[PDB]
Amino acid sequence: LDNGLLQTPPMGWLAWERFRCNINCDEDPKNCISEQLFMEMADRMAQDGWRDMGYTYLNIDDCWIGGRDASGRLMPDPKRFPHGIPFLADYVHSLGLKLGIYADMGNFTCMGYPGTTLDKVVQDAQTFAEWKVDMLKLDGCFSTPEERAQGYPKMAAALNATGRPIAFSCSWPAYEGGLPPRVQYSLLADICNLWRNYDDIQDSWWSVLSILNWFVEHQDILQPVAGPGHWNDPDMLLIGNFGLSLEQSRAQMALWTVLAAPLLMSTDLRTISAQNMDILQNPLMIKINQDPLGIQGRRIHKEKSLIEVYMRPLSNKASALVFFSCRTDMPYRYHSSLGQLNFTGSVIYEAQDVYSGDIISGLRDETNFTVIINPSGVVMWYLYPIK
């Protein structure tokens, strides 16, 4: 979408994966979807280094809506959002952050809350802009393919007309199988800043691999359509939650980064461990994710030893390499050379290990190197020519 927004992938926090549709504020006041939850997360983002590292979006997901008023104007749940959305937006802006909200192009949201039907698109866009929202996630439950085909372009146009810059996250392609001929990616890129192509992430390694596999199988289609202002969205980071081991957490971060994915966390920032914070706030990792070229990476090699190699081109003739072990046994000593990974001759390279900080220097194409990769884990290099 040509609205000047998201020239690099959006970094932030999204409520959904961790907090879902928990509206029982009587039994569970600390973890229910509410004004309090978002304010407390905003506080952590501002105080604990998150905003400073680039995580700027605080996004509300499903289950915020209370109904529509006599004019058809959207309202939050009065008990869970007693001060309303402008209050929350103003609060988030006062901390140097941006606020995202959620709507559904259809009769209802996926959890059955009031939907943004075709005749409500313009009104709801105007409402969001008036509230000073900075991002909209438009889901596609309870609609037909033709309704979505009208509705997503209509919303992009309605948002534009408000005059407020609002980042547009579309779920349109996920509902149509994510692939040609039903999905037109040139069209999507003209109307959306980012799009959910595929299944909802769940808090499991199986879910991560399932998404990873789908994006890799279809990378010839998906890789070229990504760039500044228009990203593929493999869904939220699971880092800080229940399903991923340490190696797996490091793996998702590295793989989302080489895929030029949004770094949208969804975790309790109030209780996040130092170890998981270290992953998400890794400065070189973020630098790579936020590379100005915005070129999505690809899997470039697959071995029968079950080691996969991913490569992302970066600015200043630099590259990111992810050595990824799909093995389930033990650490694997992977022997290779840059020449075997299709690098150009005569150039001498240097690598910084993104997680350890270690520097490997004097790498010519023919230089043999060994990387030790843990099972379900990665080794990630930031690679650059040296003069």
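Rigid core (definition): largest C-alpha set, two forms, superposition within 1.5 Å. In this text, residue numbers run from 1 along the sequence as written.
- Per-stretch RMS Cα distance to the displayed form in 6 other deposited structures of this protein, following rigid core alignment, is highest for 343 to 351 when 343 to 351 and 28 to 36 are compared.
- On average the C-alpha atoms of 299 to 307 have higher B-factors than those of the other stretch, with 127 to 135 and 299 to 307 being the two compared.
- Comparing 373 to 381 with 20 to 28, the stretch with the higher mean C-alpha B-factor in the PDB entry is 20 to 28.
- Each of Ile65, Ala320, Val347, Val354 has a CA temperature factor in the record; the biggest one is found at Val347.
- When the Cα B-factors of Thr56, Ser336, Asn59, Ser34 are read from the PDB record, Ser336 comes out highest.
- When all modelled residues of the chain are sorted by CA temperature factor, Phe38 is found within the lowest third.
- Annotation for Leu293: CA B-factor lies in the middle third of the chain's modelled residues.
- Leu118 sits in the highest third of its chain by CA B factor, as recorded in the PDB entry.
- Placement of the Cα temperature factor of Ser249 within the chain: lowest third of the modelled residues, per the deposited record.
- Annotation for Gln150: CA B-factor lies in the highest third of the chain's modelled residues.
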